[PDB]
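Notes follow once the structure below has been shown.
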2 protein chains.
Amino acid sequence: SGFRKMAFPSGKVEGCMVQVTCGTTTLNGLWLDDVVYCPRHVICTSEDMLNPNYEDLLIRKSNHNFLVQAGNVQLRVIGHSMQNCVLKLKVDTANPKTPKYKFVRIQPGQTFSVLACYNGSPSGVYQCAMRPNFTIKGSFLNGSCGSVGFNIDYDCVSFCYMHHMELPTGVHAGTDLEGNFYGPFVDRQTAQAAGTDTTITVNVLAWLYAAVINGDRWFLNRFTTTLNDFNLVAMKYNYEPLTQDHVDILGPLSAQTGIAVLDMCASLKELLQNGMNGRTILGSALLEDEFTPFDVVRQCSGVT
Amino acid sequence: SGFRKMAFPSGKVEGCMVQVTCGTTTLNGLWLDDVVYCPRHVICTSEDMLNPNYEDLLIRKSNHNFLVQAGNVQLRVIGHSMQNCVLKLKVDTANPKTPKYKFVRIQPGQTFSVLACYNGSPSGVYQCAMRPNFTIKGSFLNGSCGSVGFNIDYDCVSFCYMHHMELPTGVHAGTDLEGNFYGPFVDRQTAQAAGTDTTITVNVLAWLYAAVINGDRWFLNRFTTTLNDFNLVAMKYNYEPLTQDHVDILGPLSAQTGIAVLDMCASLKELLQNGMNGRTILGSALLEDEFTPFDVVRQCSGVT
């Protein structure tokens, strides 16, 4: 029993973190096979960041200007290219600790683990969600750029995120591992505002199921609803619309608990309208939206 | 910016997890040098657990009855002893991945990372606190026993917890690595109730400091208080008494923010008396008590 905000074990990713330095900028890189991936803004001064022309800045850079360090051993850079907003540094050594891995672009609402790194050294691991506005709410200080987000399926690390930017509101933007930003963000120090940070409705429902499974049942009511009725209340509370796809995804949790998805919608509807009234659910005073239905099944079933 | 419930990177501990089987019971062990540490209840049937005589049960066990598996390779058990509530299995191979390590007994309020394991395989990592009643609020399914809690200081893993028990209220009890339970708990399936789960006041204050540092300031008031005045309100709200030792510990956060500890006490006092009024602090609707002042300094400074 018990339900915790749980990150993947970080070891397989720890083994891939390196330090990348270009002149006076140091940040983190991901070493997979004989390639190091890092944010292309490694080539920028904070002055450059106001209005960087990456192609022009990059002409001034040779392989020997990228200093790659894995532990306290230097890697030899034998080539470099820009793909979107990431640099790929070809090194002469394949990372011996390269895990099985994929690059995947996640959808809003999808959760992942972040291994926060400074100077190529892991400092911590926490669980995030891609917010519906394509930001994440991370913990990233200066030097944390090139820290990555990942999921693990048995022994395969799916890398979904590389950290690039803090917005002026202190939320976080970054790229997939082909250097494409999530959302409309760019690697430039300019006015960039996030849209509405809506609640990930399907994730809240999953977490309400986790609560029932773990004995927190006080919020279960005598009501049901329909997707259209629920969705009218969801809109009003800046919750993402619930689709039949989401209902389908919640089916196994529905089955295990014997609570119809629409019944749990009606419980969530009353929680939105009536509040928690100073009560908690799984030790939270707000509705948690950073567990996916898959996360809840995983933690409630004990997958490794 | 941003502040997250953050676990230590788990790799160094992943490298120490093994599967221990005695007859029909499988759980997790910790392999350090040529010793495997596991809960002594590995020798019990669920029937045994009602009223186990561990010394008598153990006479029936030989080295060959303990099956230790690291990945998919079997370790040879060359000796076994009971220390308090743990078994120590001497194996013929030193764990090649043994990190620098200490066994430490933590105090209530101290935080640590848990690497939740099943069959010797890491499933996740989360951050806990030793509760003032010497329970933890974990996420532990059947097979999770022998999962460990740890802190890391640069490259030294301090192991503070091994998971043994779920109480009938679904909170968790376990031992230090010399097999001494935290609190009054025993490895027997019997009525064992936790005491009052009080809030770790010094941790809440630390987290209020983290909030101010990260721009969440709405709760800062025009009032101050004294330890005796604050403590009268703390008692009433099932908060742990604040001592001058705690005030001393908060000094650096006091200094960095320029908010006197007693001023922040007066802010916390108003939050207790007045509630959050539907507002959040660092994305929480309740006062978070599972960050130590050291945790807050670490995450706000970027230690690796």
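Residue numbering restarts at 1 for every chain of the structure tokens, chains are lettered A, B, ... in their displayed order, and ligands are numbered from 1 as they appear.
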Using only C-alpha atoms, which residues sit within 9 Å of residue B:180 once same-chain residues fewer than 6 positions away are excluded, as a ChimeraX atom specification?
/B:83-86,105,174
Residues at most 7 Å from residue B:63, counting only C-alpha atoms, excluding those fewer than 3 positions away in the same chain, as a PyMOL selection string?
chain B and resi 66+77-80
Once you have the residues from the selection above, write them out as a CSV table (one decimal), in the first residue's frame, restricted to C-alpha atoms.
```
chain,number,residue,atom,x,y,z
B,66,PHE,CA,19.2,-18.8,1.3
B,77,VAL,CA,26.2,-18.2,0.5
B,78,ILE,CA,29.2,-19.2,2.8
B,79,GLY,CA,27.7,-18.0,6.1
B,80,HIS,CA,24.6,-16.4,7.8
```
Pull out every residue of chain A that has at least one atom within 6 Å of chain B, counting only C-alpha atoms, and report them as a PyMOL selection string.
chain A and resi 1-4+6-11+121-126+138-141+170+285-286+304
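With distances taken over only C-alpha atoms, A:146 is the one residue among A:241, A:146, A:195, A:251 lying closest to residue A:179.
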Nearby residues (only C-alpha atoms) at most 9 Å from residue A:76, same-chain spacing under 3 positions excluded, as a PyMOL selection string
chain A and resi 63-64+67-68+90-93
Take the selection from the previous step and output its residues with N, CA and C atoms, as a CSV table (one decimal), in the first residue's frame.
```csv
chain,number,residue,atom,x,y,z
A,63,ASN,N,35.5,21.5,-33.7
A,63,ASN,CA,35.5,20.3,-32.8
A,63,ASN,C,36.3,20.6,-31.6
A,64,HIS,N,37.5,21.1,-31.6
A,64,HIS,CA,38.3,21.3,-30.4
A,64,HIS,C,37.8,22.4,-29.5
A,67,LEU,N,34.5,21.0,-25.4
A,67,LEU,CA,35.2,20.2,-24.4
A,67,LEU,C,34.2,19.3,-23.7
A,68,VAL,N,34.4,18.0,-23.9
A,68,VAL,CA,33.5,17.0,-23.4
A,68,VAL,C,34.3,16.2,-22.3
A,90,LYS,N,30.1,14.2,-32.3
A,90,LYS,CA,30.7,12.9,-32.5
A,90,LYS,C,32.0,12.8,-31.7
A,91,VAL,N,32.1,11.8,-30.8
A,91,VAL,CA,33.3,11.6,-30.0
A,91,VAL,C,34.0,10.3,-30.6
A,92,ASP,N,35.3,10.0,-30.2
A,92,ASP,CA,36.0,8.8,-30.8
A,92,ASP,C,35.7,7.6,-30.0
A,93,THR,N,34.9,7.7,-28.9
A,93,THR,CA,34.6,6.6,-28.0
A,93,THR,C,33.1,6.4,-27.8
```
Excluding residue B:107 and any residue of its chain fewer than 6 positions from it, enumerate the residues within 12 Å of it, using only C-alpha atoms, and give them as JSON, numbers by chain.
{"B": [129, 130, 131, 132, 133, 134, 135, 160, 161, 176, 182, 183, 200, 292]}
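Using only C-alpha atoms for every distance, the candidate list B:56, B:233, B:216, B:16 yields B:16 as the residue closest to residue B:157.
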Would you list, as number ranges by chain, the residues of stretch 35-284 of chain B that end up in strand (DSSP E) under DSSP run on this structure's backbone?
B: 35-39, 66-70, 73-75, 77-83, 86-91, 100-103, 111-118, 121-129, 148-153, 156-166, 172-175
Computed interatomic separation between atom CA of residue A:38 and atom CA of residue A:62 (Å)
15.6 Å
